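Below: one structure, written as structure tokens.
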Amino acid sequence: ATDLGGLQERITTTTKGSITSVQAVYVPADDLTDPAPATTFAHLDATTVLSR
Amino acid sequence: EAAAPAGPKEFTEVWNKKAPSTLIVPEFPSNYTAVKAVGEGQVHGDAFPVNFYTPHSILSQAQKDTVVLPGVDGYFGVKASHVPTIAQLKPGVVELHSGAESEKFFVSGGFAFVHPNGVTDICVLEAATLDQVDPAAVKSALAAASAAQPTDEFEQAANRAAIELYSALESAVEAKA
Amino acid sequence: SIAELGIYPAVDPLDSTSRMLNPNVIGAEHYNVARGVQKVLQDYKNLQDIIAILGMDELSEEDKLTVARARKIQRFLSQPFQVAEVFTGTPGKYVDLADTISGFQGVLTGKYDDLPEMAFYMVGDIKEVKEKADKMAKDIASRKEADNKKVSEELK
Amino acid sequence: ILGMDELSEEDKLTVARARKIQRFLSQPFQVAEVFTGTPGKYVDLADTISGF
Amino acid sequence: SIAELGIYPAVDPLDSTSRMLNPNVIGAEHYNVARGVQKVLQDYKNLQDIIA
Amino acid sequence: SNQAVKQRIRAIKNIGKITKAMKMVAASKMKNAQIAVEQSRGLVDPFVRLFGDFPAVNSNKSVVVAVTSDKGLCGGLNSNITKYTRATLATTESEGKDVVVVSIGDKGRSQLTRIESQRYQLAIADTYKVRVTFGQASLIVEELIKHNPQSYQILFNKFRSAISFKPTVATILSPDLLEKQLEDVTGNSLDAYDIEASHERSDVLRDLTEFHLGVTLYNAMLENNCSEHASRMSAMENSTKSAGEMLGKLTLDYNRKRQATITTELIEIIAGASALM
Amino acid sequence: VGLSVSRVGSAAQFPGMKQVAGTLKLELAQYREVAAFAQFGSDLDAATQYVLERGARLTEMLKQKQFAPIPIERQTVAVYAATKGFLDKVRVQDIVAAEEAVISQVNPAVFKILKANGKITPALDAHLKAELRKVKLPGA
Amino acid sequence: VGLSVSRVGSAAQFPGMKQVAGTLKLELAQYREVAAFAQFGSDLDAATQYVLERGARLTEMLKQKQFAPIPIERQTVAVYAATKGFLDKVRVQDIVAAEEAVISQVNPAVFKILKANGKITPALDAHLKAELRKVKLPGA
Amino acid sequence: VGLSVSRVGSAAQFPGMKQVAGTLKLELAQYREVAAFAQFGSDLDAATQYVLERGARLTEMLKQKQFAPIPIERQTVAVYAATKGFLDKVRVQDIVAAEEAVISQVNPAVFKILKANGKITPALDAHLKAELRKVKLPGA
């Protein structure tokens, strides 16, 4: 949570400008409760699902 | 003579004496018909309601001013304010006329009811329309029927029923325009 | 899972054991009522999956007799506690041992098939399930016309 | 399971409105105009609120 | 599973494999009654979803 | 254990696929059986305006008929009229009458000997296998005329819509035994009709009651056949739903046991490496 | 509501709300009980369909917007307005607007008497039922 | 019974018990597969229903109260009384009392010569055939 | 087919196979939903049964024996013989033989100009329909 939090907290809006991040999210074993997506989902402000 | 007035609403109260109340009172086939027989009206001059019915299909619910039905005494004709008539029909042709145009079904045999409110109720089993009958098997079927003279009463009732349906079908397939 | 059903105390009856549940210790009819209750609850436990997907209307009549009997003894094992009346309001019930053997002997034989299920819920013994059903029946028959206001224009 | 002609007269309008929503969410992209010929269009936020 | 039916030897027919089941080795007349038995037993396994 | 839920998942995943196929099967049967119910509903009407509808008559012998289904995945249909046929057979007999109980469908005999064991005499089944015809309903009618009652009671579910199936009591009186007697209201109600039969009125009423019995029974097992397909379409939209919520709770619990198995295997490998290193 | 609990809880609540929300958590219990078994749309008792329409009104009564907390006196009047039948026949898409009308159209003195007494006195529920009769509910 | 194995097997079984256990091991094998179809007592078949009750006579035959072991000769007579169909008349719920009726009402010399001969001899399986007919079984 | 992916294969194959593998990728995909649906073949719609008859025709065509790889111009015409008509009359049990019928009976100079051009040209398309009609399929 602090490796992701070390990366994702540099992506923000400051008084000079902003970095807006579009991150492709892989979900391991189709489990949204897995710690890699569930820690990533704490930082996400939007999701854009592209479906077949 | 009328010592037990039964009915659909009278089945409501007695069943509300002896059944559990968590079942509502069941419905009846009286509740699903909007046209009765004794009540005055529904002839309005020329055209009465006819209802030609088979078990498998409904063939007319329209209004005609005249119906020709093949009774067991012979082909009668129902006009508008006809007498009430429960008429058995032999194998013959039902002619429903509303004017110059004519729809003529050859029926297998089954009753026709003219009611005290002018409504006619034809009730047959099989209705062969006259343009779809086989004219090549009307004569081949009566030939084995006229020669099968068996010893049992059941087929003698069945053979007498056999030729009389075929013989009225020869006379219903020849002189059609 | 039993506590989320509202059954309190949330004792799993098919998982709670004692060395006193022995017919040479507690008696013969206490032991048979207890083993008879656990057989109805185990048979209902075996039916939970097919009731979940197929529904109530597909079991046998022999099955849906025990489904109704085990749904009756599931609620009847619950009880208001005297220490829980501070936050539930319902007063507690010290049920005697003879009151719960003969209370649970009646449900297994079929003496109370006609009572509703919720009459068994949060009562002391087999008398209070008969009084709760009368109260339940009275509540759905209780109706007043114009509900006796006498509140407007109260004199001084 | 039943058919297009099955459901209600008001719910033909729901199939009418949603199907023209589903095409109106589509958009040609300016980056794809080289290999699909048709140009791409930037929709402003004030247009897509009022247009929808 | 085969032994709970009482069938002995409890050889699973759709899990036992041999390198000898090439039709180049045991011939095609043995090969087709072996592949046909595995076909009809896999079909019955596919039908026990309904007929059980 | 962790495979016991993995095998339980594929079981419920196919039940929700099987009962989704049975629902679309029963919705395709319900749409083409419905085109035959309205065509059979017409011929019922001229008999109930010629003979009325008298469900509570003083019969001394009766034949009740409960029209149920053959297959039993219907969901509250074949026992619903069993609740009604026990409510009718507690309504008619308060005077010591005879009653013969007949059920159509395999789910009728299997729930009428539960309640009525002595008056059950005949079981018709495998009616709805190919299709229901009028000639088939006629032979079922004829065996109700082997017994010679004063009345008949037919219990069936009428297909009002795909939701409501109101159970109907349809009744047929025997001609010169009891049908003529209920019509004697200040004279008779049947004398307005001029009988155009070959024989007299008691023989045309015998042919007319049997024709009334054959169409009321043919309509009964057509109304009940698509009230069964619509109940099977609704019993398998509740089952595919319930086996999708059960599968939803099984994949969440498997994914907890999947994650707990990797943490357990890992902790045992770290505890064994730290014991040596 | 079925799982959320407060151990200490009822020993430390508003005595106005303690005598109003007792029949709120009881009627919401049946609405949870009915709509756990009436999911299928099987049949209706017209008393179970009554508590289905009553429990749907209490649920909208407990909806709340964000960053707008309500004082406890304007809360217990709004639960008094919905459990004592004054919000009957108001449609369930209107109760957000309807108890915005209840709190705004009732005299402010009722909220002040209830805040200071801490309890719905017999002189107050006589007067508060009067002031809820005189409320322009939407749709009527 | 499905998961229980003994790999010595019937090589070290009491003979006589071994004669009746084959009828007991086979019928309980069919009684287990007929189960998961037994929830439909409306669905009678009378061939599965034959073994759905016959195995259930055997299942409640094998029940036993604790701290009371039975001699082996009294057991193989009680399995003989249910594999040959003597207890087919009694209901399923009263076989544990019927096994007492089999034991307490036969001649107790049938057990004395079964223990000594070690197997149900041809001069015994017609003796104890009629001996289980002069007992009264709690089912009628 | 439901789980095996080739994420380069969107236009990275034989253009003649890409004519017909796109329809095979859809007509097998519709079959996979309704395969485990209608395991029975009793009571079937006139639309879903055609997917179950075509999808079972497409499955049997794709299987092949070990150590016999086929040239790409010869598996193109066997998918073209199944994507199009020409095989909607062999049952399921003959499409293994009906495909090698098509490989044997069709004039093998269409293979020389399918492989050299790389796609199904419309002149070759018309001869492909004509050559796939004079074949003797073993459905008999």
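All of this is worked out from the model, or read from it or from the source named; no laboratory read-out is quoted. When we count neighbours, we look across all protein chains shown, and the Cβ atoms used for this are built from the backbone with ideal geometry, even at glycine.
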Quiz prompt | Filter result for C:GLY92 (part of a helix (DSSP H, G or I) and in contact with a helix residue (DSSP H, G or I) (Cβ under 7 Å, 6 or more places away or on another chain)) | solution = no
Exercise. Tell me, yes or no, whether the stretch G:23-44 has at least one residue that is exposed (fewer than 13 other Cβ atoms within 10 Å of the Cβ), within 30 Å of F:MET233 (Cα to Cα), among the charged types (D, E, K, R) and more than 12 Å from chain C (Cβ to nearest Cβ).
Key: yes
Exercise. Working only within the stretch C:117-146, note down all residues that are in a loop (DSSP other than H, G, I, E, B) and within 16 Å of C:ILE7 (Cβ to Cβ).
Key: C:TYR121, C:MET122, C:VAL123, C:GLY124
Practice problem: Specify which of the listed residues (F:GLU245, F:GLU228, F:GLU237) is buried (at least 24 other Cβ atoms within 10 Å of the Cβ) and more than 30 Å from B:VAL83 (Cβ to Cβ). | Solution: F:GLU228
Quiz item: How many residues, within the stretch F:236-277, are more than 14 Å from chain A (Cβ to nearest Cβ) and in contact (Cβ under 8 Å) with a residue 12 or more places away in the chain?
Solution: 8
Quiz item: Out of all the residues in the stretch F:186-195, is one or more under 15 Å from the mean Cα position of the chain (by Cα) and assigned to a loop (DSSP other than H, G, I, E, B)?
Solution: no
Quiz item: Condition test on B:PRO70, is it within 12 Å of another protein chain (Cβ to nearest Cβ), part of a strand (DSSP E or B) and over 12 Å from the mean Cα position of the chain (by Cα)?
Solution: no
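Give me a count of the residues in the stretch G:17-49 that are within 25 Å of G:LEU124 (Cβ to Cβ) and touching a residue at least 12 places away in the same chain (Cβ under 8 Å).
9
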Exercise. Taking the residues in the stretch C:91-116 that are closer than 26 Å to G:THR23 by Cβ and surrounded by 15 or more Cβ atoms within 10 Å (Cβ to Cβ) as candidates, determine which candidate is farthest from the chain's Cα centre (by Cα).
Key: C:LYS93
Quiz prompt | Residue match in the stretch F:125-144 (condition: closer than 21 Å to F:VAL57 by Cα and either part of a loop (DSSP other than H, G, I, E, B) or touching a residue at least 12 places away in the same chain (Cβ under 8 Å) (or both)) | solution = yes
Quiz item: Which residue out of F:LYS158, F:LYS129 is within 23 Å of F:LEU77 (Cα to Cα), at the interface with another protein chain (Cβ under 10 Å from one of its Cβ atoms) and not small (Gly, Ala, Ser)?
Solution: F:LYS158
Quiz prompt | Close pairs (8 angstrom Cβ cut-off, 6 or more residues apart or separate chains): closer than 22 Å to B:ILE86 by Cα in the stretch B:119-138, surrounded by fewer than 18 Cβ atoms within 10 Å (Cβ to Cβ) anywhere | solution = B:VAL119/B:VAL35; B:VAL119/B:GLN42; B:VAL124/B:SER108; B:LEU125/B:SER108; B:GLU126/B:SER108; B:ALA127/B:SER57; B:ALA127/B:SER108
Self-check item: Residues located in the stretch C:3-27, provided they are of a type in the set (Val, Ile, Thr) and in contact (Cβ under 8 Å) with a residue 60 or more places away in the chain
Solution: C:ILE7, C:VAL11
Quiz prompt | Evaluation of C:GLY36 against (1) within 13 Å of chain H (Cβ to nearest Cβ); (2) without any contact (Cβ under 8 Å) to a residue 60 or more places away in the chain (one fails), failing number | solution = (2)
Quiz prompt | Matching residues, the stretch G:27-79, being within 19 Å of G:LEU3 (Cβ to Cβ) and small (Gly, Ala, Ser) | solution = G:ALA29, G:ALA35, G:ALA36, G:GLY55
Exercise. State which residue is nearest to the other protein chains (Cβ to nearest Cβ) when the search covers only the stretch F:53-78 and only residues that are in a loop (DSSP other than H, G, I, E, B) and out of contact with any helix residue (DSSP H, G or I) (no Cβ under 7 Å at 6 or more places or on another chain).
Key: F:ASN58
Practice problem: Would you be able to say whether some residue in the stretch B:75-84 is surrounded by 18 or more Cβ atoms within 10 Å (Cβ to Cβ), within 12 Å of the chain's Cα centre (by Cα) and either on the phi > 0 side of the Ramachandran plot or assigned to a strand (DSSP E or B) (or both)? | Solution: no
Quiz prompt | Residue check, G:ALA81 farther than 30 Å from F:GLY75 by Cα, in a helix (DSSP H, G or I) and away from chain C (no Cβ under 14 Å) | solution = yes
Quiz prompt | Subset of the stretch B:1-33 (residues that are among the small types (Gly, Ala, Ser) and either surrounded by 11 or more Cβ atoms within 10 Å (Cβ to Cβ) or in the same structural domain as B:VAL114 (by CATH) (or both)) | solution = B:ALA2, B:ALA4, B:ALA6, B:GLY7, B:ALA19, B:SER30
Quiz item: Could you say whether any residue in the stretch B:142-155 is in contact with a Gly (Cβ under 9 Å, 6 or more places away or on another chain) and within 14 Å of another protein chain (Cβ to nearest Cβ)?
Solution: no
Quiz item: Would you say H:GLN75 is closer than 30 Å to F:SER69 by Cα, among the polar types (S, T, N, Q) and not in a loop (DSSP other than H, G, I, E, B)?
Solution: no
Quiz prompt | Answer from F:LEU177, F:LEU213, F:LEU217, F:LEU208 - the residue that is within 10 Å of another protein chain (Cβ to nearest Cβ) and surrounded by 13 or more Cβ atoms within 10 Å (Cβ to Cβ) | solution = F:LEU208
Quiz item: Of everything in the stretch B:85-119 that's in a strand (DSSP E or B) and either among the hydroxyl-bearing types (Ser, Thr, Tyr) or loosely packed, with under 15 Cβ neighbours inside 10 Å (or both), which residue is nearest to the other protein chains (Cβ to nearest Cβ)?
Solution: B:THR85
Quiz item: In this structure, is F:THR82 within 14 Å of chain H (Cβ to nearest Cβ), surrounded by 18 or more Cβ atoms within 10 Å (Cβ to Cβ), under 24 Å from B:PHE11 (Cα atoms) and not aromatic (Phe, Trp, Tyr)?
Solution: yes
Quiz item: part of a strand (DSSP E or B), more than 9 Å from every other protein chain (Cβ to nearest Cβ) and hydroxyl-bearing (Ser, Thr, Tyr) - does that describe any residue in the stretch B:14-33?
Solution: no
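If I ask for residues that are within 12 Å of chain C (Cβ to nearest Cβ), assigned to a helix (DSSP H, G or I) and either surrounded by 10 or more Cβ atoms within 10 Å (Cβ to Cβ) or in contact with a strand residue (DSSP E or B) (Cβ under 6 Å, 6 or more places away or on another chain) (or both), which ones from the stretch G:1-22 would you list?
The initial filter retains those residues of the stretch G:1-22 that are within 12 Å of chain C (Cβ to nearest Cβ), namely G:2-3, G:5-13, G:18-19, G:22.
Retained after the next criterion (residues that are assigned to a helix (DSSP H, G or I)): G:9-12, G:18, G:22.
Selection gives G:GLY9, G:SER10, G:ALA11, G:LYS18, G:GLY22.
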